[PDB]
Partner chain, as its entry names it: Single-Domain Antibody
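The chain below stands alone and is given as structure tokens, in the form solved without the partner chain.
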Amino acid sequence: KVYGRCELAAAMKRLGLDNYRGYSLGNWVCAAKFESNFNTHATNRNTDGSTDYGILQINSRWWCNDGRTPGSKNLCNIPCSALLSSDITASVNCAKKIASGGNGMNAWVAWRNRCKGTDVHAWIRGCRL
């Protein structure tokens, strides 16, 4: 499904992402917009044989197992197909684990390039949350 902006913001807020490791809610909404355009079904294959899955484009080299990536570390302990569902719970529980790494949200290069540093509070503007 493709989420509306405020529809996604509210789903993310109810799953504990506002101010998670110092990142306000608009960071996560902006990251999902530039990673997938709010489409739960987005997938992009990577140079190394892994694939990025779902609304936050989580890859199968480190985070989820899709059956076809040799040596997936599956640190989120989830099949990558769980990341394609309308329910974003597994995507945000995994996203919290990758944002716990040393470089935080810089792990998402679309966030690093189009969101980081800007007034990300704009992404939750007008949403009754």
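Residue numbers count along the first chain shown, from 1.
The same protein also has a form deposited with the partner chain bound, omitted here; what follows describes it.
Applying a 4.5 Å heavy atom distance criterion, does residue 42 contact the partner chain in the deposited bound form?
Although the partner chain is absent here, residue 42 would stay clear of it in the deposited bound form, with no heavy atoms inside 4.5 Å.
Would you classify residue 38 as touching the partner chain in the deposited bound form, given a 4.5 Å non-hydrogen atom cut-off?
So residue 38 does not count as contacting the partner chain.
In the deposited bound form, residue 84 touching the partner chain (heavy atom, 4.5 Å):
Contact with the partner chain, no.
Taking the partner chain as it sits in the deposited bound form, is residue 118 near enough to touch it, meaning that at least one heavy atom pair lies within 4.5 angstroms?
No, residue 118 stays farther than 4.5 Å from the partner chain in the deposited bound form.
50, 98 and 106 each touching the partner chain in the deposited bound form (heavy atom, 4.5 Å):
Yes: each residue has a heavy atom within 4.5 Å of the partner.
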